[PDB]
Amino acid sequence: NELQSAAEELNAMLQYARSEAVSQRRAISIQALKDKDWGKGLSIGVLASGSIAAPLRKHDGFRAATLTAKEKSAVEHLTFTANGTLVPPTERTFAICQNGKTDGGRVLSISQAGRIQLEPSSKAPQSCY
């Protein structure tokens, strides 16, 4: 249940950043505040000089410290554009893992078009990154 909830919370935050970019017709970012681990705190809003000074929304981190959410290329932030795409429009892959192992883990993907998908549990991450 804990990992399901964590994956859903990360999904909701990513979706919110994208939807705000589309609705506001401008670049809205989401940033992992600690260790490039998207489960240890997030901010959403306009990114400038490496930070989001006036957040639209925050996430305090997953309750369990033993959960991690890391992206394949170790990104610390993502920026969605007015058309819903990422800049750069690079495919992203998040692995949500318990205890640093992939068993029971989940994959959250973002396509080149900016489409965010929490993949079914029948797709375990290839790595916790």
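Just count from 1 along the sequence shown to find any residue number.
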Should the higher mean CA B-factor in the entry be assigned to 74-82 or to 60-68?
-> 60-68
As stated in the PDB record, which stretch has the larger average Cα B-factor, 30-38 or 83-91?
-> 83-91
Comparing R25 with the other modelled residues of its chain, is its CA B-factor in the lowest, middle or highest third?
-> highest
Could you say whether, by C-alpha temperature factor, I116 belongs to the lowest, middle or highest third of its chain?
-> middle
Of the three thirds of the chain ranked by Cα temperature factor, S43 occupies the lowest
Position of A7 among the chain's modelled residues by C-alpha B-factor, lowest, middle or highest third = lowest
